[PDB]
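Take a look at the structure below.
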Amino acid sequence: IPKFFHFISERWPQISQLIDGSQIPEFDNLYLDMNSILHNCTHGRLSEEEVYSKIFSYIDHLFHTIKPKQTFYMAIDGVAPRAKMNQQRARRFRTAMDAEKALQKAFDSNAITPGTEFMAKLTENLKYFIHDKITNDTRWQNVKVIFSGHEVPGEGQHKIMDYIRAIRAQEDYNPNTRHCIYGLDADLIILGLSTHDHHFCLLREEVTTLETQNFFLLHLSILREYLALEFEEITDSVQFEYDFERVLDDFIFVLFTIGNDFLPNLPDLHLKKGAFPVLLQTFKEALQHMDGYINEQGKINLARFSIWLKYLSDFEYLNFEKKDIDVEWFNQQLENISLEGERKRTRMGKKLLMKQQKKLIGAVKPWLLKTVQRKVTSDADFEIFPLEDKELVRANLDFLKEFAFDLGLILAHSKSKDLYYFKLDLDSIXXXXXXXXXXXXXXXXXXXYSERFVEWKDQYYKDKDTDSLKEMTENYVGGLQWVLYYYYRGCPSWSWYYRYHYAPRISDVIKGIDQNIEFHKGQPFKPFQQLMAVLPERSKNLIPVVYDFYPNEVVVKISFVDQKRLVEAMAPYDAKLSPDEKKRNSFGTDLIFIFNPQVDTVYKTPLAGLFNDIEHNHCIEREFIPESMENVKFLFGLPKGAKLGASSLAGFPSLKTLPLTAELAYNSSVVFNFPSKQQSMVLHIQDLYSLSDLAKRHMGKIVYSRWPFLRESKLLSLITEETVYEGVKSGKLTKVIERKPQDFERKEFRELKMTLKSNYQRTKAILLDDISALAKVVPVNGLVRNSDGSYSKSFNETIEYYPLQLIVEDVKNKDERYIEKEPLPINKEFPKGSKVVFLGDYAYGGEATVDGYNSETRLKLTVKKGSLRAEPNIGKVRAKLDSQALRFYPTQXXXXXXXXXXXXXXXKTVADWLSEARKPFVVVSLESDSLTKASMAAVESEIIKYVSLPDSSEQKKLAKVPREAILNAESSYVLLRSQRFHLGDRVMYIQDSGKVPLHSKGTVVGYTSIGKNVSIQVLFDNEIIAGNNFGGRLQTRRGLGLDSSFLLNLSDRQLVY
């Protein structure tokens, strides 16, 4: 849907988190919607090795970003239902055209379709990679890997949905399963929402090399929390039981009604112009004038939906009777609509009042006229008229009392106020047949589209007064229903489709609701038939060469295939296929891949270049995956005992942790590049209320900063205008010192508070009180081993400041990866057979095996020295060459700078001359440099020859080794990160998982610190299937940026002996 991400992002400004090497949550399941990857990896012809090198690198990259713990699910599109073949076929035709049209005059992407020759190879390759991965990557060894390849019918997107639905449906489903779906499509956000699983993210890539690309977690937990805020505003007004999850479901129907892949878009919605607030507003008002929800678990209530339609119809109509449409116009439409709903609801209320008012006089009349039929003499000699809705009596006392006054009555009650009634005002009195006339008079008193429009709409249909419009219409309405069922319940039909290229006018969809809609499940095309129903006589050569409906000319008004005509026109040629084509023209099953150490088989590569066979270290099997359905219903909405809000698993955000107040407003929020012109959910934060015992309680303790995304951070001081509260480790107990601020502190504090409050307004639509104190904190960046074998919380050296009001003291669910642990005995901490990294001079970085223990403090190992040849030399040499070749000076700035300031002055010149000079950009963070492009290459050439000199390995039984000559690279990210690296330094990949084979050496060609996290750019000795040429700077895939935590530095040996 056209601005959907953009609009959602600005309106609800905290939904998505940049992945930047800081800790992200843990996930149980990762699902890949892979089709975009294949496309993206087969453009920028390049070779099969290069192509699959990219794809494996991508899947593998995403796999390591999340680190799923239970299930990793990969999906490729199989054969789609017919609802999609027209667009499949439109797309496909446009690709062969544009290829011929462009490129050719002024690889066939269309191969990526099921049944194709390319795709049979793809599955063969992909299997190999999964097998290579499960064998060698330890991370890939404790998850179910499930492959649903193109051999199985259905969209990846949909096949994923059908898995999630099948597992959540069980009666042992983990209620708080953490889900993550990768994919470019903004729709996944909606399917995501459709699942009603609170703990759910989307892995996305930016929308303004692989290791330098930006990815995001879009967090459905905070999105929901925002959505709740969006719709709570009612609760009190709707005429049924308010339920957020049901509101959400209707909001989802609305979103599909606005855009989805199958039906074509309703005309003139005006999204890229600001209608979105309005459309939404439409739904908000509609939900208040209905008897229940539009969406019964994906079944649509047409009667209800038409109440919504009416608003959509007025929308269409009002906007036709406008000139241009811009934001200015939709902002004032938004207002009018809100004001109408208010007025409408106030009248509804007046009407309800009058009705009550009439029943009341209507019931009083008879009893009053009988009562006044008796002339007074000389109280219990009359009937009392009880009133029963005390709550409604109470809201109406001036009226009741005036009514009582007028009719000659008292409104009485009881001491306990549990009973109200009327009674004759007897204590207030002959031809008083004028009382009976006064009574009767008082009783009497209370008893008191356009036509240019139609034509303009007619001139639309003609262009692309009947009952074949009832037919279009009903096709569309049927569509909506097919779309919802598709998403909430499963494909309801392999054969249904929308038979038109265009949508009806909004104010006509009405004509289409007068139907009763069912579907017939059907069955999917065989691959080859789908191959024919899609694909032009311009990429004919992907179809088994053996085979109108196929223009060379064609909003793509491509004709709709006649299915019946087709299955038949092919069946002649049916019996003539190979055995491979009869293979390709059938269906597969999902496959499941397991790790098994007692498997030891040879796996032959279907690939050249850098790939080889998976040897005596091959350890996977494939199998058919089942599912195990039964007499099981789907579960719709949250599972029983699902944690939400402040009780969410660690890592997932929540707004519920602070106390606050939310309000839609025009906050000019700046989530992207320019300030939004629409309302945001502005968050007004409430201060929590001493400040001295606060410091005393939390100083040097464990606090939670970064509100939204609560995180473990130690409290360092508590700045204030006039007082600093500091923490000093007294040894055991850290204590609080209170003092006046130094001038720069008092400067910073004023400059900081002003900067925070406005960044929180501008960037996140958080309106802060106004800054009382300021917690200064450092966040937990892992665990770290002490001398005594225990492990404790490590902290990032970089100071962060947070207003105190955003500081949370504690949280139900604490991040397990940061539970501090007690010491362990040798045999448990380095179990016999465990593989470890040898420190110590014999093989710094050698593969070690724990054989036994010599004491309970010393152990014995086998150390493989991987190489008996000196480390190569060039990196170091060239690092000194560059530094001697490019000298720096203090102001009182590089020799190249001197030559630019000498060129500019000698020309007196300007200005563009200067913009012209600025072309070769050397723009990067402060601690981060590089080898000169020349040096890079020199290092490459010198390596290529080094890595081909004869060389051998060597093992050695070792004994009496103390525990600190060995480490577990697994669980030493922090130590490893604590190492200096310099240009030229020799290095080794030390981790048992990731994109480099264990123990590979390389040379540091340049470092890159994104503030706190350092990324080392390694030129590797061997080529790396996961590498790149650092953008042409190299001639082979020897290059990789990587996190220090992956690397043992061999030149500047900082963990030896």
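Each chain in the structure tokens gets a letter, A, B and so on, in the order shown; residues start at 1 in every chain, and ligands are counted from 1 in the order they appear.
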
Quick one: DSSP alpha helix (DSSP H) residues in range 58-304 of chain A, as a PyMOL selection string? chain A and resi 58-66+82-99+117-136+156-168+187-194+220-232+244-258+275-286+302-304

List the spatial neighbours of range 735-743 of chain A as a PyMOL selection string - criterion: any atom at most 6 Å away, only C-alpha atoms, same-chain residues fewer than 6 positions off excluded. chain A and resi 696+722-728

Between CA of residue 165 in chain A and CA of residue 226 in chain A, what distance in Å does the model show, to one decimal?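 These two atoms are separated by 24.4 Å.
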
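Remark: for residue 702 in chain A, the closest of the candidate residues A:780, A:646, A:556, A:910 is A:780 (distances computed over only C-alpha atoms).
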
Would you mind listing, for every residue of range 144-238 of chain A within 9 Å of range 43-66 of chain A, the two atoms forming the shortest contact and the distance between them in Å to one decimal, using only C-alpha atoms, sorted by chain and ascending residue number, as JSON lines?
```
{"residue": "A:180", "atom": "CA", "partner": "A:66", "partner_atom": "CA", "distance": 8.1}
{"residue": "A:182", "atom": "CA", "partner": "A:62", "partner_atom": "CA", "distance": 8.0}
{"residue": "A:203", "atom": "CA", "partner": "A:62", "partner_atom": "CA", "distance": 8.4}
{"residue": "A:210", "atom": "CA", "partner": "A:58", "partner_atom": "CA", "distance": 7.7}
{"residue": "A:211", "atom": "CA", "partner": "A:61", "partner_atom": "CA", "distance": 8.2}
```

Got a sec: who's within 9 Å of residue 970 in chain A, counting only C-alpha atoms, leaving out chain neighbours fewer than 2 positions off, as an MDAnalysis selection string? chainID A and resid 967:968 972:973 990:993

Pick out the closest residue to residue 571 in chain A from this set: A:800, A:526, A:7, A:583. Count only C-alpha atoms.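 Going through A:800, A:526, A:7, A:583 one by one, the smallest distance to residue 571 in chain A is for A:526.
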
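Rounded to one decimal, CA of residue 461 in chain A and CA of residue 563 in chain A lie 26.3 Å from each other.
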
Give me the residues within 6 Å of residue 781 in chain A as number ranges by chain, counting only C-alpha atoms and dropping any in the same chain fewer than 4 places off. A: 794-796

Measuring between only C-alpha atoms, which one of A:860, A:310, A:750, A:1053 shows the shortest distance to residue 844 in chain A?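 Nearest to residue 844 in chain A: A:1053.
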
I'd like the neighbourhood of range 84-86 of chain A as a CSV table (one decimal) with N, CA, C and O atoms, in the first residue's frame, where a residue qualifies if any of its atoms comes within 9 Å (using only C-alpha atoms), though same-chain residues fewer than 6 positions away should be ignored.
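Everything below was put into part_5.csv:
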```csv
chain,number,residue,atom,x,y,z
A,261,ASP,N,-2.4,-7.2,-2.9
A,261,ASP,CA,-1.9,-7.5,-4.2
A,261,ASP,C,-2.8,-8.0,-5.3
A,261,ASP,O,-2.6,-7.9,-6.5
A,262,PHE,N,-3.9,-8.6,-4.9
A,262,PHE,CA,-4.8,-9.3,-5.8
A,262,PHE,C,-5.8,-8.3,-6.5
A,262,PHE,O,-5.6,-8.0,-7.6
A,263,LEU,N,-6.8,-7.8,-5.8
A,263,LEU,CA,-7.7,-6.8,-6.4
A,263,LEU,C,-7.0,-5.5,-6.8
A,263,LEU,O,-5.9,-5.3,-6.2
A,497,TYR,N,-10.6,-15.4,-9.2
A,497,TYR,CA,-9.8,-14.2,-9.7
A,497,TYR,C,-10.6,-13.0,-10.0
A,497,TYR,O,-11.8,-13.2,-10.3
A,498,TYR,N,-10.1,-11.8,-10.0
A,498,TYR,CA,-10.9,-10.6,-10.4
A,498,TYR,C,-10.7,-10.3,-11.9
A,498,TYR,O,-9.6,-10.1,-12.3
A,530,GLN,N,1.1,-23.4,-15.4
A,530,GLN,CA,1.3,-22.1,-14.8
A,530,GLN,C,2.4,-21.4,-15.6
A,530,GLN,O,2.3,-20.2,-15.9
A,533,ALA,N,0.6,-20.0,-18.5
A,533,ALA,CA,-0.4,-18.9,-18.2
A,533,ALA,C,0.3,-17.6,-17.8
A,533,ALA,O,-0.4,-16.6,-17.7
A,534,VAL,N,1.6,-17.6,-17.7
A,534,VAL,CA,2.5,-16.6,-17.3
A,534,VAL,C,3.7,-16.7,-18.2
A,534,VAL,O,4.1,-17.9,-18.5
A,558,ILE,N,-3.0,-6.7,-20.2
A,558,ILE,CA,-2.7,-8.0,-20.8
A,558,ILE,C,-4.0,-8.8,-20.6
A,558,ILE,O,-4.6,-8.7,-19.6
A,559,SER,N,-4.3,-9.6,-21.6
A,559,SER,CA,-5.5,-10.4,-21.7
A,559,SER,C,-5.5,-11.4,-20.6
A,559,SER,O,-4.5,-11.7,-20.1
A,560,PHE,N,-6.7,-11.9,-20.2
A,560,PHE,CA,-6.7,-13.0,-19.3
A,560,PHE,C,-6.7,-14.4,-20.0
A,560,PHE,O,-7.5,-14.6,-20.9
A,561,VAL,N,-5.9,-15.3,-19.6
A,561,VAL,CA,-5.9,-16.6,-20.2
A,561,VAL,C,-7.2,-17.3,-20.0
A,561,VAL,O,-7.8,-17.1,-19.0
```

Neighbour list for residue 408 in chain A as a PyMOL selection string, cut-off 6 Å, only C-alpha atoms, skip fewer than 2 positions in-chain: chain A and resi 405-406+425

Would you output that residue set with C-alpha atoms, as a PDB file, in the first residue's frame?
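Okay, out_37.pdb is ready:
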```
ATOM      1  CA  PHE A 405     -42.499  20.911  40.490  1.00  0.00           C
ATOM      2  CA  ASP A 406     -44.725  21.433  37.429  1.00  0.00           C
ATOM      3  CA  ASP A 425     -47.170  17.131  46.834  1.00  0.00           C
TER       4      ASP A 425
END
```

Give me, as a ChimeraX atom specification, all polymer residues having an atom no more than 6 Å from residue 590 in chain A, counting only C-alpha atoms and skipping those fewer than 2 positions away in the same chain. /A:147-148,624-625

Export of the given selection (N, CA, C and O atoms) as a short mmCIF file (atom, residue, chain, number, x, y, z; two decimals), in the first residue's frame:
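As a result, part-v6.cif now contains:
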```cif
data_model
loop_
_atom_site.label_atom_id
_atom_site.label_comp_id
_atom_site.auth_asym_id
_atom_site.auth_seq_id
_atom_site.Cartn_x
_atom_site.Cartn_y
_atom_site.Cartn_z
N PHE A 147 12.82 -26.01 4.88
CA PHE A 147 12.81 -25.42 3.56
C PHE A 147 11.49 -25.62 2.83
O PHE A 147 11.16 -26.73 2.50
N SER A 148 10.72 -24.58 2.58
CA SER A 148 9.56 -24.72 1.69
C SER A 148 9.85 -24.08 0.32
O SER A 148 9.45 -22.92 0.04
N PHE A 624 11.17 -35.21 4.75
CA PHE A 624 9.88 -34.60 4.46
C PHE A 624 9.42 -34.01 5.80
O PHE A 624 9.51 -34.71 6.80
N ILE A 625 8.99 -32.74 5.85
CA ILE A 625 8.33 -32.21 7.07
C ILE A 625 6.80 -32.37 6.95
O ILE A 625 6.23 -32.02 5.93
#
```
